[PDB]
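So basically every Cβ, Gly included, is an ideal-geometry build from the backbone, and we count neighbours across all protein chains shown. Coordinate-derived values only; no laboratory data.
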Amino acid sequence: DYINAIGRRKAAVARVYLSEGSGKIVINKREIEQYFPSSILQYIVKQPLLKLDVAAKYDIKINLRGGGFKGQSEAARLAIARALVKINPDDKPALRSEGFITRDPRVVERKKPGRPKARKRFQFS
Amino acid sequence: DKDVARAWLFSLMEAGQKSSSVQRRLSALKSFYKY
Amino acid sequence: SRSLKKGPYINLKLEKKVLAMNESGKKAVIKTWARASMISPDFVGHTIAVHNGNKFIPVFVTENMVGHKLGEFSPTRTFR
Amino acid sequence: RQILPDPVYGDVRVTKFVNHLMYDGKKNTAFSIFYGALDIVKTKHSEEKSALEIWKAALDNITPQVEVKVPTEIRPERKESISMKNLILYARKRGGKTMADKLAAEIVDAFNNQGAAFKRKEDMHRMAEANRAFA
Amino acid sequence: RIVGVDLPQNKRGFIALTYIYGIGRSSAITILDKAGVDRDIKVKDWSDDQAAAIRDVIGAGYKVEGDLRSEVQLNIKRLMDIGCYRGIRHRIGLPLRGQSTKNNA
Amino acid sequence: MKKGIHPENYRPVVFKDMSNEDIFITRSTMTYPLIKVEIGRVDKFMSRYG
RNA sequence: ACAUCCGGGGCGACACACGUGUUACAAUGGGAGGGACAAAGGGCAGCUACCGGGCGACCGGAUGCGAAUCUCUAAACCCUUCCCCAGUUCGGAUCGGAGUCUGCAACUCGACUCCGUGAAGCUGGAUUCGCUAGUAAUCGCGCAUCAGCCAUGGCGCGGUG
């Protein structure tokens, strides 16, 4: 069968379809090691499976859109955590202990008029 | 005028002898800032 | 510079005056305000008084001036 | 704020050190510098120890104890922060080819108990012991 | 040695050719490509044939060294003696490419 | 004349121009060793526009 | 004539002083080759699919789109390699040459492109300013005015953090 989930982080959106299998994580019709050629990014994406010892037990298909690499990896991690919670509701405390299921609401602040940036001000003198 | 003196020392007087009345005021400020 | 497809920019009235003087064979001074006009080979040997804002600076065109604008020889600002 | 475990060692102290090391938000560059420095450390002092153990011992060696605000005790978090900042700052000040090489040299020196960071710590200790009466 | 110029003997071709007056990075790359010498070869490693090819490409084009110096000096002298705006700006020592003074040199 | 004070190794050497096919032989103090040695405006206007 | 039309100048001059900024002084860097990820916003004489010419700015045919439909949009990042501490493969000011566009017209006084030249600058005293989390720092993208543009300014957007 299929388990559907969605994660969000900044401008990145991840839609994750999870199914029974062994190890195939396919992102945008690409392998995980080819889409994310960074050990840190791969670890971020595959964090909840390693925490719940559910690795080597599923196939995941991910559709990511928007943002950069870190935002996309965090969104994918959130989506995988939500899918795991949907599959088994008893792992919610374990995932909460690490915070994989909390939606981080931090976004880029709007630039304000009369200022070079959101908070940085001009040199008064 | 305005002394630099790290922190500002500004004064302004309006008269025909402003260049001296301002100096009197600034002398008062400098003495008060001495200690 | 100016695109080569458009050719050089030369004031038509000023050029007509210069060729009229060439055909006549006489010598005189041509008073002009066309500071942006390019100097052509037909301009060599004449005297052209170019306006600079408040007077007419006279220029005697030589062969090394061909291809330069007329305003490069009539400075507009006075400094001392 | 939350601190991510280090990808290689699973430590928060490593991530904090990289955060101190980072310029302009280039965390990948800072991580590469730190891992490289550990590599020269393990290739040079190859010592019946580990690569991260030497770094931890160096931080513990160059950490200070008391700080004159009159002397007073130091919180553990400020102690760790000042130790990391001192190590990085003197590594930057010292000469060398690459930042990884400079950091590895300073880590080795701090472990071997001599260096600019240790000199700074000893000077702070002397300035602290100078004012024992007002304490 | 090459055009009367001794190059850095331990540098690659595409950098060491820029030490000649009249050749930059782009001209060095183009010269090496037209002569058929790989640009990542040290000067000391150039064969006699390769040095001859480079010298012959430098000749027949690429006005360099004393010829370029004399040409530039002649151009500057002509510009100054024509008495144009740029000529007087060069004679007096002020910017002549539209830059505004009173704030910067 | 004074033996020893004068520089030694005054062998005969050949100077060869690599770009002029010129070979010379001398006794420069440096079977000859080989040393390789290397050795208007109107017209422009008419060309642009005419 | 302190009213009014026009052409040519000036508002762009420089002994210098002050303020606000942009680049740098490099190894946490600079080149060369390859791989990947945004959001907002604009578009009718405008953006242009796709071909052909030019090293390039651009030019010539042709297509779709008054547009969630057709077009304009990445760089920091990652991988391989060189430079190995130098006024250098750092820096890119100044000046010389040749061009492309806009416009009746680019001299004073435009933007961009291609060659060449390649300066001061080795992290800056007294002093002084900003900020407290998706913030500072750093990276690129877009818009207003607008024939063109001196836009490094103003107003916004997202990336890494």
Span per principal axis, largest first, for the Cα atoms of chain F (Å): 77, 24, 11
Cα pair distances of region D:1-63 binned at 10 Å [whole percent]: 20, 53, 25, 2
Rounded tilt (10° steps) of A:69-87 against the dominant C-alpha axis of chain A: 40 degrees
Hits among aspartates and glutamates - C-alpha to C-alpha of residue A:57 under 20 Å, sequence gap 8 or more where chains match: A:1, A:20, A:31, A:33, A:90, A:91
Partner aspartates and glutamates for residue D:56 [C-alpha distance under 20 Å; skip if fewer than 8 residues away on the same chain]: D:6, D:11, D:39, D:47, D:48, D:77, D:80, D:101, D:106, D:109, D:122
In Hz, Karplus ³J(HN,Hα) per residue of region D:106-114 (6.51, -1.76, 1.60; θ = phi - 60°; x = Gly, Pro): 5, 5, 5, 5, 5, 5, 6, 6, 10
Within region A:1-104, trypsin sites (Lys or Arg not before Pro) in DSSP loop having at most 15 other beta-carbon neighbours inside 10 Å: A:24, A:29, A:57, A:103
Relative contact order (percent, whole number), chain C, Cα cutoff 8 Å, 6+ residue spacing: 26 percent
Straight-distance crosslink candidates among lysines, where the alpha carbon sits under 16 Å from residue E:42 and sequence neighbours closer than 8 are dropped: E:11
Across A:117/D:93; A:10/D:79; A:117/B:30; B:30/E:102; A:24/A:86; C:5/C:27, pairs whose alpha-carbon gap is larger than 28 Å: A:117/D:93; A:10/D:79; A:117/B:30; B:30/E:102; C:5/C:27
Greater than 27 Å apart at Cα, pairs in A:112/B:2; C:13/F:44; D:97/E:34: A:112/B:2; D:97/E:34
Equivalent ellipsoid, chain E (semi-axes from 5 times Cα gyration tensor eigenvalues, Å): 37, 16, 11
Global form of chain D, assessed from the alpha-carbon gyration tensor, a/c cut-off 1.5: prolate
Karplus-derived HN-Hα couplings along region D:48-64 (A = 6.51, B = -1.76, C = 1.60, θ = phi - 60°), whole Hz, x at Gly and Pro: 6, 8, 10, 8, 6, 5, 5, 5, 5, 5, 5, 4, 5, 5, 8, 5, x
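In the structure shown, do any of A:51/D:49; A:46/A:92; A:29/D:16 have a Cα-Cα gap over 26 Å, and if so which?
As for pairs spanning more than 26 Å Cα to Cα, those are A:51/D:49; A:29/D:16.
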log₁₀ of I(q)/I(0) at q = 0.23 Å⁻¹ - chain C, Debye sum with one point per alpha carbon: -1.12
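Roughly speaking, what % of Cα-Cα pairs in region A:25-108 are separated by over 16 Å, rounded to a whole number?
Values: 1739 of 3486 pairs.
Tail fraction, whole percent: 50.
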Calculated on alpha-carbon atoms, Rg and Dmax of region D:54-98 in Å: 12.4, 41
Amide H within-cut-off set for residue C:52, under 5 Å, with H built and near neighbours excluded: C:57
Per-residue ³J(HN,Hα) for region E:94-105, Karplus 6.51 cos²θ - 1.76 cosθ + 1.60, θ = phi - 60°, Hz, x for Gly and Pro: 9, x, 10, 10, x, 5, 9, 8, 6, 10, 9, 4
Rg/Rg_ref, the protein assembly as shown, where Rg_ref = 2.2 N^0.38 Å and atoms are Cα: 1.66
Whole-percent pair-distance distribution, where bins are 10 Å wide, for the alpha carbons of region D:56-135: 19, 47, 25, 8, 1
Pairs of Cα atoms farther than 13 Å apart, region A:1-69, %: 67 percent
